[PDB]
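These numbers come from the heavy atoms of this one structure, side chains and all, not from hydrogens, waters or symmetry mates. Each chain gets a letter, A, B and so on, in the order the sequences are listed, and its residues count up from 1.
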Amino acid sequence: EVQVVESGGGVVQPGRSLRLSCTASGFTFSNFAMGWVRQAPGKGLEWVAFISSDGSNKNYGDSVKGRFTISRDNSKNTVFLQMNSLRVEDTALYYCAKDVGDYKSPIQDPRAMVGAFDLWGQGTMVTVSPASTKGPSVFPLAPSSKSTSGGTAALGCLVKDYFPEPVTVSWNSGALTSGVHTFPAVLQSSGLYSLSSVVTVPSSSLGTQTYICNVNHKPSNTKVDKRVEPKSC
Amino acid sequence: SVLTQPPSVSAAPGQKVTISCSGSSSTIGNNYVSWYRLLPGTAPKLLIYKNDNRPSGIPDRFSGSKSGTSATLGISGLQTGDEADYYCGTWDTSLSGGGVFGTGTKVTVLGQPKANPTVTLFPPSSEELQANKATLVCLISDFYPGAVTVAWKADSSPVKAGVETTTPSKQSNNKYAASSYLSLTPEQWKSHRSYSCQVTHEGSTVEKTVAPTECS
């Protein structure tokens with residue numbers, strides 16, 4: 001069967017270069033255009049680069065012009081993406097993809113460029129950050145000052161500016177699990193991650209029960225316990 | 001450069017859904033439209049190309065069409081494995097750059113009751129402000145289908161810069177949650193009368209507002 005496999009991804013500092021490779025098998029490689037497409041977590045699909053069967057005709061997505069170069073070696077069934085002058089914003093999963101091609105106006109026309117990809121790889125991840133390992137700063141998300149009677153109240157902690165992933169969070173050392181949700185992280189333009197954790201609790205408990213979020217960041221050997229209390233106003 | 005899609009479409013198992021893709025004559029009008037499915041931990045998959053052609057192996061419950069400035073993907077016989085994100089795409093060869101993809105649509109195969117989100121908007125903590133930073137945190141929970149749109153306002157004006165929003169994540173009760181952040185300077189925070197988080201879900205928008213001058 002037709003297959004495509006990327007490699008070369010990793011964590012790299014801004015300014016530096018990285019070369020991704022894609023090897024194809026199971027079809028006549030020289031009869032099809034190939035391309036690279038990327039997707040950053042929480043964002044959409046973005047065209048990176050495209051190259052004709054013979055390697056002569058190339059094009060690039062606007063965000064990468066003059067920094068990335070695509071090439072292929074038809075004797076080795078390989079496509080390359082040379083990435084220069086990397087930015088935090090180039091952080092993404094990078095897919096190698098095969099153009100669907102088309103016939104001669106049934107025989108295969110190697111000059112075809114359809115721009116529709118009928119075979120994609122699983123992708124290789126590229127993360128761009130200037131950061132060294134760094135433990136988080138934890139800030140409280142205090143319950144509403146209007147939750148003074150009954151009902152329920154959301155409270156949380158904002159876990160900011162750590163690297164690399166992951167952080168895990170518990171509440172009251174694991175005593176509190178119902179109504180707890182810890183969100184996926186966001187990569188900031190700084191190249192550091194942030195996330196939030198929230199718990200919903202009875203409003204009547206806010207004056208009597210202590211709530212502490214316990215943050216664990218093993219990469220930096222850091223744990224933080226942050227008491228989240230009602231606001232004074 | 002923008003192919004617009006609805007953020008969410010849904011139906012019960014066995015029913016049919018359609019997903020629209022809207023653009024202009026420069027893109028959709030003149031060029032072929034393709035459609036893709038993607039699902040985390042899988043390679044994306046081509047469903048339709050050249051407006052309405054199925055590549056080998058794609059069954060006929062998938063269809064495509066195009067008229068004027070909008071194109072459409074149809075999926076009949078909806079089944080659980082169809083829950084994924086769908087993207088249209090086209091390539092305008094009359095410009096030097098590459099192709100474009102649409103804004104994306106989550107298709108949900110309805111398996112539980114619809115649930116409207118609870119929205120909680122946290123102003124910057126005094127602690128964070130003392131650290132010379134300011135993050136508004138909009139936490140959105142207990143909704144289904146698991147797709148929302150989030151927009152921010154400063155006073156009455158839309159804000160685009162400084163916004164980050166996470167993809168909805170399954171909760172332990174099997175509903176979904178999402179988070180959105182608006183990063184400001186302490187000056188910006190104190191400079192406005194209010195800020196609002198607006199969350200749109202299935203025909204409802206819920207807006208929460210906070211103010212530097214009030215105890216939320």
Could you measure the distance from the SG atom of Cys157(A) to the CG atom of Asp225(A)? Nearest 0.5 Å is fine. 9.5 Å

Nearest 0.5 Å, please: how far is SG in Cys213(A) from CH2 in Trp171(A)? 4.5 Å

Check whether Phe29(A) forms a cation-pi arrangement with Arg72(A) (NZ or CZ under 6.0 Å from the six-membered ring centre, at most 45° off the ring normal). yes

Looking only at heavy atoms, what is the nearest atom pair of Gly8(A) and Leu18(A), with distance? O-CD1, 3.5 Å

Can you pull out every side-chain hydrogen bond (donor to acceptor under 3.5 Å, both in side chains) where at least one residue sits in residues 8-24 of chain A? Sequence neighbours excluded, please. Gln13(A)-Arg16(A), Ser17(A)-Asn84(A)

Going by the ring pair (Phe, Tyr, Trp, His ring centres under 6.0 Å) test, which pairs reach into residues 72-101 of chain A, not counting sequence neighbours? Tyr95(A)-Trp120(A)

Will you find, in the side chains of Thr165(B) and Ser180(B), an N or O donor that is under 3.5 Å from an N or O acceptor? yes

Any pair with a residue in residues 100-113 of chain B that passes side-chain hydrogen bond (donor to acceptor under 3.5 Å, both in side chains), sequence neighbours left out, goes on the list, sorted by first then second residue, please. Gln5(B)-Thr105(B)

To the nearest 0.5 Å, what is the distance between CG on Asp109(A) and CZ on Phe32(A)? 10.5 Å

Does a side chain donor of either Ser30(A) or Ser53(A) reach within less than 3.5 Å of an acceptor in the other side chain? no

Looking only at side chains, do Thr28(A) and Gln108(A) share a donor and an acceptor under 3.5 Å apart? no

Hey, does the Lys NZ or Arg CZ of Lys98(A) hover above the aromatic six-ring of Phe27(A), less than 6.0 Å from the centre and inside 45° of the axis? yes

Can you name the closest pair of heavy atoms from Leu136(B) and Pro124(B) and give their distance? CD2-CD, 3.9 Å

Test: side-chain hydrogen bond (donor to acceptor under 3.5 Å, both in side chains). Region: residues 181-193 of chain A. Which pairs qualify, not counting sequence neighbours? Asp161(A)-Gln188(A), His181(A)-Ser169(B), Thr182(A)-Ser197(A), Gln188(A)-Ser194(A)

Looking at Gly42(A) and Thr167(B), what are the two nearest heavy atoms and their distance? CA-OG1, 3.4 Å

Going by distance alone, is a donor N or O of one side chain under 3.5 Å from an acceptor N or O of the other, for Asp142(B) and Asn173(B)? yes

Side chains of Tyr181(B) and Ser196(A): is there a donor and an acceptor less than 3.5 Å apart? yes

Could you please spell out the steps behind the salt bridge (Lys or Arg N to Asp or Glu O under 4.0 Å) verdict for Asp82(B) and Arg37(B)? CA-CA 9 Å; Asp82(B) 298 327; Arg37(B) 191 193 65 92; over 6 Å; no

For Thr166(B) and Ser179(B): C-alpha separation, side-chain torsions, deciding distance, then whether side-chain hydrogen bond (donor to acceptor under 3.5 Å, both in side chains) applies. CA-CA 5 Å; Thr166(B) 61; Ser179(B) 58; 2.9 Å; yes

Quick one: list whatever passes salt bridge (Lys or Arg N to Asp or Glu O under 4.0 Å) with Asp54(A), sequence neighbours left out. none

Show the numbers, then the answer: is there a side-chain contact (heavy atoms from CB on, under 4.5 Å) between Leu81(A) and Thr69(A)? CA-CA 6 Å; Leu81(A) 186 74; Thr69(A) 301; over 6 Å; no

Before you tell me yes or no, could you show the steps for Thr205(B) and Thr200(B) under side-chain hydrogen bond (donor to acceptor under 3.5 Å, both in side chains), namely the whole-Å CA-CA distance, both residues' side-chain angles and the distance that decides it to 0.1 Å? CA-CA 4 Å; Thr205(B) 299; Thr200(B) 298; 2.8 Å; yes

Is any NZ, NE, NH1 or NH2 atom of the basic residue among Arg38(A) and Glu46(A) found under 4.0 Å from an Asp or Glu carboxylate oxygen of the other? yes

Describe, in one word, how the ring planes of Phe50(A) and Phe117(A) are oriented to each other, choosing from parallel (under 30°), tilted (30 to 60°) and perpendicular (over 60°). perpendicular

List the atom of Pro219(A), the atom of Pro166(A), and the distance in Å for their closest heavy-atom pair. CD-O, 3.9 Å

Tell me, with the steps shown, if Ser170(A) and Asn214(A) meet side-chain hydrogen bond (donor to acceptor under 3.5 Å, both in side chains). CA-CA 5 Å; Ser170(A) 61; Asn214(A) 322 109; 3.0 Å; yes

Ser125(B) side, atom OG; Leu141(A) side, atom CG - distance, nearest 0.5 Å: 7.0 Å

Would you compute the distance between atom OH of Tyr176(B) and atom OH of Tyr144(B) and round it to the nearest 0.5 angstrom? 7.0 Å

So which atom in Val4(A) and which in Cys22(A) form the shortest heavy-atom distance, rounded to 0.1 Å? CG1-SG, 3.5 Å

For residues 49-60 of chain B, tabulate all N or O donor-acceptor pairs below 3.5 Å that involve a side-chain atom, not counting sequence neighbours.
residue: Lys50(B); atom: NZ; partner: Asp102(A); partner atom: OD2; Å: 2.6
residue: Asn51(B); atom: OD1; partner: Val33(B); partner atom: N; Å: 2.9
residue: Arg54(B); atom: NH1; partner: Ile58(B); partner atom: O; Å: 3.0

Tell me if the aromatic rings of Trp47(A) and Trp91(B) count as close, with their centers under 6.0 Å from one another. yes

Does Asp90(A) form a salt bridge (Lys or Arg N to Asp or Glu O under 4.0 Å) with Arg67(A)? I'd like the steps, not just the answer. CA-CA 11 Å; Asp90(A) 296 312; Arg67(A) 309 157 52 223; 2.5 Å; yes

Smallest separation among heavy atoms of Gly191(A) and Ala131(A), with atom names: O-CB, 4.2 Å

